[PDB]
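What follows are structure tokens for two forms of the same protein chain, given separately as structure 1 and structure 2.
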Structure 1
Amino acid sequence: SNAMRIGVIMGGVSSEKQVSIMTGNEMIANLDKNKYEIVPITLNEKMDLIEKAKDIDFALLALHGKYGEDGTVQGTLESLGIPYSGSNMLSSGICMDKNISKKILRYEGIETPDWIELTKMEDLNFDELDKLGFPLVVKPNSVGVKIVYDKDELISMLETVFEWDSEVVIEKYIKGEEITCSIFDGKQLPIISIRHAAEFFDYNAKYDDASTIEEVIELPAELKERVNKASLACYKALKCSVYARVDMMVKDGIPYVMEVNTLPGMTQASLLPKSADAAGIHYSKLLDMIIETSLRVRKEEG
């Protein structure tokens, strides 16, 4: 039995590169050595992939952020006829574009927060802005998401963001419970709650706003059914394959989709593998399912 040669693809620039290295190392360390011949691939520049992938049967992506999201790596691998993990080039690019992904979701009737799309030299229509109210969340579509409380803050923040990016999403702020829903091959995994830590005095909870805890949670049946329905619908709508993670906010019992991730964290401390583990899927087996399901999917694509 000749072992399939798995390239573990690492790369990116700055902190993304480091997260990528850490991810690849975990994969390399947990890949079943009897099933696979493991081939670490570290990309000094993105297009070095063409040379380094000559010796692999499959590309397992350890990438993090733009390099793995924009779709170029997937498209290159496809052009080389080399099967790879996760969503394809178009699904990846769509999911990475928050504006375009929200349009498609909203077209499909999936709840997502109201928003304005704005490009760099484009003016800003204050009548539609006012419809949104304040606070607002400014999302580059290097610089992170930021809550702004009024017109002046918004203006100032647009100017900060636009120097680096040419496009922004301005989203209505929603105060609610944050959750994230991992999907593997069209099946919903355990939901994870993301909230502040509390100190409890009897039944009074005092929250620490500087903290964040992530915990697997079972939601009440009604909301659970609604959440599972929305997340799978995102998955199909955005043409995702193999696995994805949908980030949502719940208010008044209604889930809103903030984003869909085709390249979610894959370290053992990351949300998706934590969800899989709660589902009885240990890390090494999650890696087996990704390779196995990806091969099937790349074959269905031709």
Structure 2
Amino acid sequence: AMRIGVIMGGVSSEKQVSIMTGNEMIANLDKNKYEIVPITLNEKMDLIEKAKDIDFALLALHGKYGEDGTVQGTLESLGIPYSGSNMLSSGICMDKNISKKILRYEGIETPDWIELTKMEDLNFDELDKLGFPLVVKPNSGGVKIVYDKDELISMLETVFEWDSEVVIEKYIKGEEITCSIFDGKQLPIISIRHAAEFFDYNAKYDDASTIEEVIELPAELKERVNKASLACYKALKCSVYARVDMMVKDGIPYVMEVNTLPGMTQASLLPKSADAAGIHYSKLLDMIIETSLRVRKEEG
């Protein structure tokens, strides 16, 4: 019976989110196919000791900790197969600037942009060429939209506090979607809506709250969406699964984000996207294991 390590780790929030991911997996893995080995990482490199007996690492990780590529690099070196994209692909997909460069070279639609450095200053020369308004995002991955001349400036200050690196994009307003890819096949598309929500007990107001529905899109747009989301997957060297976040504007989808390590809880987008296609959660984990195994073998 194949020993499946369920890998959890990170710090603070991400650790929480990782644990909640790991517990969902640990509960839904077929116990007849698998021997389940929950693994909780105190420190990242404690992974080598723990991984010493398991036959596969099913990554429950979330955030930079599972996206930077170290864990994948480490697992490769121990010769343990593991789920999801590899080190180079994880790393690239977590870098917004490098990602967009590889995307534009393929002529895949993504908003024009500019990169900004903590130490460096912005030559207004290249900046204002994309004009207004703008969105400022950290390069490694909140949102600040900037309408005016002075608008931009105020943000970089605090974004540079946190991220040594920032991307400034021209702001496209359109209809948001997310496209999960599993093993080169596009799963059902999900549309993301924003609606204001009031919480009486905490007395909280939120407009950033999300509503996600599976809606069949016009077959014309559905084609142009599936083309692009599979092109990203290919171009960024993703494997076994990925989530492409997109923005549709006047008929044309633009790539907003590429997630090599998307939410794996049952309310997460990719597990919903799959379920709509008739793949229930427990089987989803089977596919991730079997496709990951095959992919790792091709790699080496």
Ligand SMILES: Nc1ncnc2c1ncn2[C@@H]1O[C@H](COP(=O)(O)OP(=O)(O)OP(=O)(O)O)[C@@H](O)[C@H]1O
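Just so we're on the same page, rigid core means the largest C-alpha set that superposes within 1.5 Å between forms. Along the sequence of structure 1, residues get numbers from 1 upward.
Remark: the form deposited without the ligand is the source of structure 2; structure 1 originates elsewhere. Comparing C-alpha positions between structure 1 and structure 2 after a rigid core fit, one residue in 120, 206, 224, 187 moves 2 angstroms or more. It is 206.
In the core-superposed comparison between structure 1 and structure 2, the C-alpha atom of residue 109 has shifted by less than 2 angstroms. With the core held fixed between structure 1 and structure 2, residue 93 has its Cα displaced by under 2 Å. Shown in the overlay between structure 1 and structure 2, fitted on the rigid core, is a CA shift at residue 150 of 2 Å or greater.
Relative to the superposed rigid core, residue 197 shifts its CA by 3.9 Å between structure 1 and structure 2.
After superposing on the rigid core, the C-alpha of residue 256 is displaced by 0.2 Å between structure 1 and structure 2.
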